[PDB]
Amino acid sequence: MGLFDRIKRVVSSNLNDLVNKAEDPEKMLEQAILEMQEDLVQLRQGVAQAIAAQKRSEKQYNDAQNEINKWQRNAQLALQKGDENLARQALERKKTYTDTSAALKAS
Amino acid sequence: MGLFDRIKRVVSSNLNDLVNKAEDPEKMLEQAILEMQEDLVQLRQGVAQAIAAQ
Amino acid sequence: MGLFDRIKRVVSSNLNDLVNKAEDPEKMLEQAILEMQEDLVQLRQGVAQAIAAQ
Amino acid sequence: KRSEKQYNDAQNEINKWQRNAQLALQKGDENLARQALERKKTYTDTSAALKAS
Amino acid sequence: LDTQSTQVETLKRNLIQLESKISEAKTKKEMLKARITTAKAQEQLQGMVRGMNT
Amino acid sequence: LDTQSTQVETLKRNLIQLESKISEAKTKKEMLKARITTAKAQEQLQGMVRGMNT
Amino acid sequence: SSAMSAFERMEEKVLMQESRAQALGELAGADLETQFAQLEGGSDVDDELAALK
Amino acid sequence: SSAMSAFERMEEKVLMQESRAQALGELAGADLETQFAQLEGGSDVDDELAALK
């Protein structure tokens with residue numbers, strides 16, 4: 001009801017003014033800084049988390065990229081006994097890990 | 001409610017200033033050192049534990 | 001119903017996070033060791049039983 | 001005049017550590033002298049910071 | 001046995017590919033979750049344009 | 001008896017390997033628990049960059 | 001497995017925790033050149049290593 | 001037969017169970033060369049056997 005609307009707006013217009021009465025300009029500004037700083041802390045925490053996630057996902061790519069050569073080393077150590085199936089499977093796994101490394105490097 | 005938000009911020013802005021009033025620059029700095037040292041003790045305890053585990 | 005599926009997934013995504021909240025890294029690792037050791041005991045009991053049967 | 005104490009210690013130590021490294025390598029050990037160099041670099045950075053202060 | 005060898009190798013390729021997919025998907029999950037965490041507070045904190053409160 | 005001898009030796013190898021695994025895993029558990037204990041206090045104590053409180 | 005899914009979870013938790021711990025400093029820093037000097041001592045340490053060695 | 005059809009069934013069940021148990025590791029593995037080294041010790045064990053023998 002319009003009656004209820006207008007009576008409610010009438011009751012708000014007194015609390016609003018008591019609140020404006022107990023306002024102090026200097027002292028009040030302090031919160032406008034404290035809360036800004038706190039939520040800034042939260043935001044930079046999120047920034048740090050993103051940084052850390054990237055620096056962690058770099059781990060698998062580093063493993064795979066050094067492995068792109070460790071697998072050649074394994075294939076060499078295998079063929080040094082004269083076996084070609086082991087070196088060939090090492091090549092296949094190296095190709096798999098190289099594709100993984102390429103995807104992870106793009107990421 | 002916006003009313004409640006603003007009334008609460010109004011009540012905080014007085015406790016905050018009483019706290020800033022009972023602040024003493026020299027004397028206050030002491031805790032900033034004591035607690036740093038205590039948590040430093042904790043950190044070095046952890047360092048020692050890692051050393052010992054190895 | 002898709003409605004029921006999505007409402008259920010919504011309710012799980014809060015219990016899951018409360019559980020992740022009451023997680024403590026050090027203290028938690030203890031069970032990962034205790035239960036491993038207990039089932040290791042069971043496995044070696046079976047090994048002993050095979051030995052004894054032979 | 002008190003904070004000058006640590007800087008004096010570290011600056012004389014920037015050479016006492018070379019002395020220790022020499023006394024160590026005089027037996028033919030290089031790890032001890034190398035760790036002496038590392039600690040000397042640490043104490044030299046400390047000395048530089050303290051001298052700026 | 002040769003036929004089953006072909007089958008198991010084509011089943012080995014299957015699983016490798018799908019494990020790679022789920023792993024990369026989890027990587028994207030983490031990066032996007034970080035994205036969300038940035039945004040959530042970000043929208044409470046932005047430039048102080050004089051013509052809005054927000 | 002020879003067949004069971006093969007079985008018990010292949011069961012001896014099993015258990016040795018799995019005991020080695022659980023033992024190395026416990027070693028990693030301890031080292032990582034030390035890691036955690038370092039980190040926990042470490043993040044309350046870091047450089048005093050003038051542009052943050054944290 | 002139960003005891004094996006608990007282990008891997010806390011392991012990844014450890015990894016992320018250490019990554020954050022390093023990130024805080026990695027996020028902060030006196031200056032990019034100060035960050036690089038912290039990473040690597042510079043010509044001074046190389047010269048000291050060569051001379052003592 | 002009844003008692004003989006129960007026996008054979010559980011026997012084949014045993015066989016499949018052990019095959020799976022070995023498959024889990026056979027399915028997993030640190031590296032194909034690591035798998036082969038696990039299968040066979042390598043030149044080191046042969047040399048040790050020859051020397052001690």
# chains A, B, ... in the order shown; residues from 1 in each chain; ligands from 1

$ calpha_fit_and_write --fixed "chain H" --moving "chain G" --output "compact mmCIF listing (two decimals) with N, CA, C and O atoms, in the first residue's frame"
# COMPACT_ATOMS: atom_id res chain seq x y z
N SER G 1 30.32 -81.30 -12.31
CA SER G 1 29.86 -81.63 -10.92
C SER G 1 29.69 -80.38 -10.06
O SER G 1 30.33 -79.38 -10.38
N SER G 2 28.90 -80.45 -8.98
CA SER G 2 28.62 -79.31 -8.07
C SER G 2 29.89 -78.87 -7.34
O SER G 2 30.30 -77.73 -7.55
N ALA G 3 30.50 -79.73 -6.51
CA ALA G 3 31.70 -79.39 -5.71
C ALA G 3 32.88 -79.13 -6.65
O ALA G 3 33.79 -78.38 -6.24
N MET G 4 32.85 -79.67 -7.87
CA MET G 4 33.97 -79.53 -8.85
C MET G 4 33.77 -78.28 -9.71
O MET G 4 34.79 -77.78 -10.21
N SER G 5 32.54 -77.81 -9.90
CA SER G 5 32.23 -76.58 -10.69
C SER G 5 32.45 -75.36 -9.79
O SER G 5 32.74 -74.29 -10.33
N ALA G 6 32.28 -75.52 -8.47
CA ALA G 6 32.55 -74.44 -7.50
C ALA G 6 34.06 -74.23 -7.47
O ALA G 6 34.45 -73.09 -7.54
N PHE G 7 34.85 -75.30 -7.42
CA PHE G 7 36.30 -75.27 -7.34
C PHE G 7 36.90 -74.59 -8.55
O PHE G 7 37.71 -73.66 -8.42
N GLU G 8 36.50 -75.02 -9.75
CA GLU G 8 37.07 -74.45 -10.96
C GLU G 8 36.73 -72.97 -11.07
O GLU G 8 37.56 -72.15 -11.49
N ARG G 9 35.50 -72.60 -10.70
CA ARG G 9 35.09 -71.20 -10.78
C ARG G 9 35.97 -70.33 -9.89
O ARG G 9 36.55 -69.34 -10.35
N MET G 10 36.08 -70.69 -8.62
CA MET G 10 36.91 -69.90 -7.72
C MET G 10 38.37 -69.94 -8.15
O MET G 10 39.11 -68.98 -7.92
N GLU G 11 38.80 -71.02 -8.81
CA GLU G 11 40.17 -71.06 -9.31
C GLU G 11 40.38 -70.00 -10.38
O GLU G 11 41.34 -69.22 -10.31
N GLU G 12 39.50 -69.96 -11.37
CA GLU G 12 39.63 -68.94 -12.41
C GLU G 12 39.50 -67.55 -11.80
O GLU G 12 40.17 -66.60 -12.24
N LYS G 13 38.66 -67.41 -10.77
CA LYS G 13 38.56 -66.14 -10.07
C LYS G 13 39.90 -65.76 -9.46
O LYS G 13 40.34 -64.61 -9.56
N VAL G 14 40.58 -66.73 -8.85
CA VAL G 14 41.90 -66.48 -8.29
C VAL G 14 42.85 -66.00 -9.37
O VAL G 14 43.62 -65.04 -9.18
N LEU G 15 42.85 -66.69 -10.51
CA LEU G 15 43.77 -66.34 -11.58
C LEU G 15 43.54 -64.90 -12.04
O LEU G 15 44.49 -64.12 -12.15
N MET G 16 42.28 -64.54 -12.28
CA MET G 16 42.01 -63.18 -12.73
C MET G 16 42.40 -62.17 -11.67
O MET G 16 42.91 -61.09 -11.99
N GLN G 17 42.16 -62.49 -10.39
CA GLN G 17 42.49 -61.55 -9.33
C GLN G 17 43.99 -61.29 -9.29
O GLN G 17 44.42 -60.13 -9.21
N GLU G 18 44.80 -62.34 -9.37
CA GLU G 18 46.24 -62.14 -9.38
C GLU G 18 46.69 -61.39 -10.63
O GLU G 18 47.60 -60.56 -10.56
N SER G 19 46.05 -61.67 -11.77
CA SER G 19 46.40 -60.96 -12.99
C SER G 19 46.14 -59.47 -12.84
O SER G 19 46.97 -58.64 -13.23
N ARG G 20 45.00 -59.10 -12.25
CA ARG G 20 44.73 -57.69 -11.99
C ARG G 20 45.77 -57.10 -11.04
O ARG G 20 46.29 -56.00 -11.27
N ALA G 21 46.06 -57.82 -9.96
CA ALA G 21 47.02 -57.33 -8.98
C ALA G 21 48.35 -57.00 -9.64
O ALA G 21 48.96 -55.97 -9.34
N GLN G 22 48.82 -57.87 -10.53
CA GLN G 22 50.05 -57.56 -11.25
C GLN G 22 49.83 -56.46 -12.29
O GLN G 22 50.75 -55.70 -12.59
N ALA G 23 48.61 -56.37 -12.83
CA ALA G 23 48.33 -55.38 -13.87
C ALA G 23 48.45 -53.97 -13.33
O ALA G 23 48.94 -53.08 -14.04
N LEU G 24 48.00 -53.73 -12.10
CA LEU G 24 48.04 -52.37 -11.56
C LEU G 24 49.44 -51.79 -11.67
O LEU G 24 49.64 -50.70 -12.22
N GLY G 25 50.44 -52.51 -11.16
CA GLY G 25 51.82 -52.08 -11.35
C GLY G 25 52.23 -52.12 -12.81
O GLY G 25 52.84 -51.18 -13.32
N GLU G 26 51.89 -53.21 -13.50
CA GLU G 26 52.15 -53.30 -14.93
C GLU G 26 51.53 -52.14 -15.70
O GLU G 26 52.10 -51.69 -16.69
N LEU G 27 50.37 -51.66 -15.26
CA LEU G 27 49.75 -50.50 -15.88
C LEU G 27 50.47 -49.21 -15.50
O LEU G 27 50.69 -48.35 -16.36
N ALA G 28 50.85 -49.06 -14.24
CA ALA G 28 51.60 -47.92 -13.77
C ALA G 28 53.08 -48.12 -14.10
O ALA G 28 53.44 -49.03 -14.86
N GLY G 29 53.94 -47.27 -13.55
CA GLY G 29 55.37 -47.38 -13.78
C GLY G 29 56.07 -46.05 -13.91
O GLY G 29 55.58 -45.15 -14.60
N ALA G 30 57.22 -45.91 -13.25
CA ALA G 30 57.96 -44.64 -13.29
C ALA G 30 58.41 -44.31 -14.70
O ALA G 30 58.32 -43.16 -15.15
N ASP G 31 58.93 -45.31 -15.41
CA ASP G 31 59.38 -45.12 -16.78
C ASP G 31 59.60 -46.50 -17.40
O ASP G 31 59.92 -47.46 -16.70
N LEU G 32 59.44 -46.57 -18.72
CA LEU G 32 59.58 -47.85 -19.40
C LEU G 32 60.93 -48.48 -19.09
O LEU G 32 61.01 -49.68 -18.79
N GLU G 33 62.00 -47.69 -19.16
CA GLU G 33 63.30 -48.19 -18.70
C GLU G 33 63.32 -48.52 -17.22
O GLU G 33 63.99 -49.48 -16.81
N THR G 34 62.59 -47.76 -16.39
CA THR G 34 62.46 -48.14 -14.99
C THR G 34 61.72 -49.46 -14.85
O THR G 34 62.07 -50.29 -14.01
N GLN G 35 60.69 -49.67 -15.68
CA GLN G 35 59.99 -50.95 -15.66
C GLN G 35 60.93 -52.09 -16.03
O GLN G 35 60.92 -53.15 -15.40
N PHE G 36 61.76 -51.89 -17.06
CA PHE G 36 62.68 -52.94 -17.47
C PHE G 36 63.75 -53.20 -16.42
O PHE G 36 64.11 -54.35 -16.17
N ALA G 37 64.25 -52.14 -15.79
CA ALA G 37 65.22 -52.31 -14.71
C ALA G 37 64.60 -53.06 -13.54
O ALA G 37 65.25 -53.90 -12.91
N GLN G 38 63.33 -52.77 -13.23
CA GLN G 38 62.62 -53.54 -12.22
C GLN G 38 62.52 -55.01 -12.63
O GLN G 38 62.72 -55.91 -11.81
N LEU G 39 62.22 -55.26 -13.90
CA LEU G 39 62.17 -56.63 -14.40
C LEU G 39 63.53 -57.31 -14.28
O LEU G 39 63.62 -58.46 -13.83
N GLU G 40 64.59 -56.60 -14.67
CA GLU G 40 65.93 -57.16 -14.71
C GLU G 40 66.91 -56.15 -14.14
O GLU G 40 66.90 -54.98 -14.52
N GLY G 41 67.77 -56.62 -13.23
CA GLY G 41 68.66 -55.70 -12.53
C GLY G 41 69.59 -54.95 -13.46
O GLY G 41 69.82 -53.75 -13.30
N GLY G 42 70.16 -55.66 -14.44
CA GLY G 42 71.07 -55.05 -15.38
C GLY G 42 72.49 -55.56 -15.25
O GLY G 42 72.74 -56.54 -14.55
N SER G 43 73.43 -54.89 -15.92
CA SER G 43 74.81 -55.36 -15.92
C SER G 43 75.39 -55.39 -14.51
O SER G 43 76.30 -56.18 -14.23
N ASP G 44 74.89 -54.54 -13.61
CA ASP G 44 75.45 -54.48 -12.26
C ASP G 44 75.29 -55.81 -11.54
O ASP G 44 76.25 -56.34 -10.96
N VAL G 45 74.08 -56.38 -11.57
CA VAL G 45 73.84 -57.62 -10.85
C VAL G 45 74.60 -58.78 -11.49
O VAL G 45 75.11 -59.66 -10.80
N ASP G 46 74.67 -58.80 -12.82
CA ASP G 46 75.44 -59.84 -13.49
C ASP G 46 76.91 -59.77 -13.10
O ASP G 46 77.54 -60.80 -12.81
N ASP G 47 77.48 -58.56 -13.08
CA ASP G 47 78.88 -58.41 -12.69
C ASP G 47 79.09 -58.84 -11.25
O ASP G 47 80.09 -59.49 -10.93
N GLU G 48 78.17 -58.46 -10.35
CA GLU G 48 78.30 -58.86 -8.96
C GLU G 48 78.24 -60.38 -8.81
O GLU G 48 79.02 -60.98 -8.07
N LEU G 49 77.31 -61.02 -9.52
CA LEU G 49 77.20 -62.47 -9.47
C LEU G 49 78.48 -63.13 -9.97
O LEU G 49 78.96 -64.10 -9.37
N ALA G 50 79.04 -62.62 -11.07
CA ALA G 50 80.27 -63.19 -11.60
C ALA G 50 81.42 -63.01 -10.62
O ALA G 50 82.22 -63.93 -10.39
N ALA G 51 81.53 -61.82 -10.02
CA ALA G 51 82.66 -61.53 -9.14
C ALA G 51 82.60 -62.36 -7.86
O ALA G 51 83.59 -62.99 -7.47
N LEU G 52 81.44 -62.38 -7.20
CA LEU G 52 81.32 -63.15 -5.97
C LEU G 52 81.47 -64.64 -6.24
O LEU G 52 82.08 -65.36 -5.45
N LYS G 53 80.91 -65.11 -7.35
CA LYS G 53 80.96 -66.53 -7.70
C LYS G 53 82.38 -66.96 -8.06
O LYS G 53 82.94 -67.85 -7.44

$ residues_around --residues "stretch 34-36 of chain B" --least-positions-apart "6" --cutoff "12 Å" --atoms "only C-alpha atoms" --output "MDAnalysis selection string"
(chainID B and resid 27:28 42:43) or (chainID F and resid 41:42 44:48)

$ write_last_selection --atoms "C-alpha atoms" --output "PDB file, in the first residue's frame"
ATOM      1  CA  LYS B  27      56.494   2.149  24.185  1.00  0.00           C
ATOM      2  CA  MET B  28      54.422   0.716  21.359  1.00  0.00           C
ATOM      3  CA  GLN B  42      59.345 -20.628  16.056  1.00  0.00           C
ATOM      4  CA  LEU B  43      60.690 -20.385  12.505  1.00  0.00           C
TER       5      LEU B  43
ATOM      6  CA  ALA F  41      55.319 -19.489  10.490  1.00  0.00           C
ATOM      7  CA  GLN F  42      57.334 -18.348   7.465  1.00  0.00           C
ATOM      8  CA  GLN F  44      53.812 -14.601   9.166  1.00  0.00           C
ATOM      9  CA  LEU F  45      57.461 -13.471   8.931  1.00  0.00           C
ATOM     10  CA  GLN F  46      58.986 -12.095   5.727  1.00  0.00           C
ATOM     11  CA  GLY F  47      60.705  -8.994   4.385  1.00  0.00           C
ATOM     12  CA  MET F  48      59.490  -5.605   5.630  1.00  0.00           C
TER      13      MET F  48
END

$ interface_residues --of "chain A" --to "chain E" --cutoff "9 Å" --atoms "only C-alpha atoms" --output "ChimeraX atom specification"
/A:36,39-40,42-47,49-51,53-54,57,96,100,103-104,107

$ write_last_selection --atoms "N, CA, C and O atoms" --output "PDB file, in the first residue's frame"
ATOM      1  N   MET A  36      39.675  -0.394   2.829  1.00  0.00           N
ATOM      2  CA  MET A  36      40.363  -0.425   1.548  1.00  0.00           C
ATOM      3  C   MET A  36      41.644  -1.233   1.650  1.00  0.00           C
ATOM      4  O   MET A  36      41.929  -2.081   0.800  1.00  0.00           O
ATOM      5  N   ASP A  39      40.860  -5.125   2.057  1.00  0.00           N
ATOM      6  CA  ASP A  39      40.475  -5.791   0.820  1.00  0.00           C
ATOM      7  C   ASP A  39      41.599  -5.739  -0.206  1.00  0.00           C
ATOM      8  O   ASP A  39      41.695  -6.620  -1.066  1.00  0.00           O
ATOM      9  N   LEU A  40      42.478  -4.740  -0.116  1.00  0.00           N
ATOM     10  CA  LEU A  40      43.687  -4.756  -0.926  1.00  0.00           C
ATOM     11  C   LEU A  40      44.548  -5.951  -0.573  1.00  0.00           C
ATOM     12  O   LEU A  40      45.141  -6.587  -1.452  1.00  0.00           O
ATOM     13  N   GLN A  42      43.456  -8.781   0.547  1.00  0.00           N
ATOM     14  CA  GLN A  42      42.803  -9.943  -0.057  1.00  0.00           C
ATOM     15  C   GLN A  42      43.115 -10.037  -1.550  1.00  0.00           C
ATOM     16  O   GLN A  42      43.435 -11.116  -2.075  1.00  0.00           O
ATOM     17  N   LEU A  43      43.025  -8.910  -2.253  1.00  0.00           N
ATOM     18  CA  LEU A  43      43.277  -8.909  -3.688  1.00  0.00           C
ATOM     19  C   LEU A  43      44.704  -9.349  -3.989  1.00  0.00           C
ATOM     20  O   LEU A  43      44.945 -10.151  -4.901  1.00  0.00           O
ATOM     21  N   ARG A  44      45.672  -8.831  -3.236  1.00  0.00           N
ATOM     22  CA  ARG A  44      47.046  -9.216  -3.507  1.00  0.00           C
ATOM     23  C   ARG A  44      47.294 -10.663  -3.121  1.00  0.00           C
ATOM     24  O   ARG A  44      48.144 -11.322  -3.724  1.00  0.00           O
ATOM     25  N   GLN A  45      46.554 -11.185  -2.142  1.00  0.00           N
ATOM     26  CA  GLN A  45      46.636 -12.615  -1.864  1.00  0.00           C
ATOM     27  C   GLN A  45      46.207 -13.422  -3.080  1.00  0.00           C
ATOM     28  O   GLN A  45      46.858 -14.407  -3.450  1.00  0.00           O
ATOM     29  N   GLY A  46      45.106 -13.026  -3.710  1.00  0.00           N
ATOM     30  CA  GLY A  46      44.697 -13.709  -4.928  1.00  0.00           C
ATOM     31  C   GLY A  46      45.742 -13.603  -6.024  1.00  0.00           C
ATOM     32  O   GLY A  46      46.005 -14.567  -6.752  1.00  0.00           O
ATOM     33  N   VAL A  47      46.345 -12.423  -6.161  1.00  0.00           N
ATOM     34  CA  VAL A  47      47.394 -12.239  -7.159  1.00  0.00           C
ATOM     35  C   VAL A  47      48.538 -13.208  -6.899  1.00  0.00           C
ATOM     36  O   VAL A  47      49.055 -13.860  -7.818  1.00  0.00           O
ATOM     37  N   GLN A  49      48.369 -16.028  -5.337  1.00  0.00           N
ATOM     38  CA  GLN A  49      47.939 -17.393  -5.620  1.00  0.00           C
ATOM     39  C   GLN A  49      48.032 -17.698  -7.109  1.00  0.00           C
ATOM     40  O   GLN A  49      48.447 -18.792  -7.499  1.00  0.00           O
ATOM     41  N   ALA A  50      47.638 -16.748  -7.954  1.00  0.00           N
ATOM     42  CA  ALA A  50      47.783 -16.955  -9.393  1.00  0.00           C
ATOM     43  C   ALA A  50      49.251 -17.125  -9.771  1.00  0.00           C
ATOM     44  O   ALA A  50      49.616 -18.028 -10.543  1.00  0.00           O
ATOM     45  N   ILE A  51      50.108 -16.257  -9.233  1.00  0.00           N
ATOM     46  CA  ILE A  51      51.538 -16.367  -9.506  1.00  0.00           C
ATOM     47  C   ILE A  51      52.031 -17.754  -9.127  1.00  0.00           C
ATOM     48  O   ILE A  51      52.742 -18.415  -9.893  1.00  0.00           O
ATOM     49  N   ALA A  53      50.358 -20.557  -8.737  1.00  0.00           N
ATOM     50  CA  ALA A  53      49.831 -21.602  -9.604  1.00  0.00           C
ATOM     51  C   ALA A  53      50.635 -21.690 -10.890  1.00  0.00           C
ATOM     52  O   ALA A  53      50.944 -22.790 -11.364  1.00  0.00           O
ATOM     53  N   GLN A  54      50.982 -20.544 -11.478  1.00  0.00           N
ATOM     54  CA  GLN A  54      51.807 -20.587 -12.682  1.00  0.00           C
ATOM     55  C   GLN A  54      53.176 -21.176 -12.379  1.00  0.00           C
ATOM     56  O   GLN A  54      53.686 -22.017 -13.129  1.00  0.00           O
ATOM     57  N   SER A  57      52.734 -24.938 -12.105  1.00  0.00           N
ATOM     58  CA  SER A  57      52.520 -25.603 -13.383  1.00  0.00           C
ATOM     59  C   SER A  57      53.774 -25.584 -14.239  1.00  0.00           C
ATOM     60  O   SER A  57      53.921 -26.434 -15.124  1.00  0.00           O
ATOM     61  N   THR A  96      55.349 -38.652 -26.836  1.00  0.00           N
ATOM     62  CA  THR A  96      54.206 -38.357 -25.977  1.00  0.00           C
ATOM     63  C   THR A  96      54.534 -37.223 -25.012  1.00  0.00           C
ATOM     64  O   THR A  96      53.783 -36.244 -24.896  1.00  0.00           O
ATOM     65  N   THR A 100      53.101 -33.382 -24.615  1.00  0.00           N
ATOM     66  CA  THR A 100      52.689 -32.845 -23.323  1.00  0.00           C
ATOM     67  C   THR A 100      53.456 -31.571 -22.996  1.00  0.00           C
ATOM     68  O   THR A 100      52.875 -30.590 -22.519  1.00  0.00           O
ATOM     69  N   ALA A 103      52.168 -28.631 -25.161  1.00  0.00           N
ATOM     70  CA  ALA A 103      50.897 -28.136 -24.646  1.00  0.00           C
ATOM     71  C   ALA A 103      51.109 -27.345 -23.366  1.00  0.00           C
ATOM     72  O   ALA A 103      50.540 -26.260 -23.190  1.00  0.00           O
ATOM     73  N   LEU A 104      51.947 -27.863 -22.468  1.00  0.00           N
ATOM     74  CA  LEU A 104      52.183 -27.180 -21.206  1.00  0.00           C
ATOM     75  C   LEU A 104      52.944 -25.879 -21.402  1.00  0.00           C
ATOM     76  O   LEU A 104      52.744 -24.933 -20.641  1.00  0.00           O
ATOM     77  N   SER A 107      50.434 -23.399 -22.546  1.00  0.00           N
ATOM     78  CA  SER A 107      49.673 -23.007 -21.367  1.00  0.00           C
ATOM     79  C   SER A 107      50.491 -22.087 -20.470  1.00  0.00           C
ATOM     80  O   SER A 107      49.947 -21.170 -19.848  1.00  0.00           O
TER      81      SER A 107
END

$ closest_residue --among "A:28, A:15, A:1, A:80" --to "residue B:13" --atoms "only C-alpha atoms"
A:28

$ interface_residues --of "chain F" --to "chain H" --cutoff "12 Å" --atoms "only C-alpha atoms" --output "list in words"
residues 7, 10, 11, 13, 14, 17 and 18 of chain F
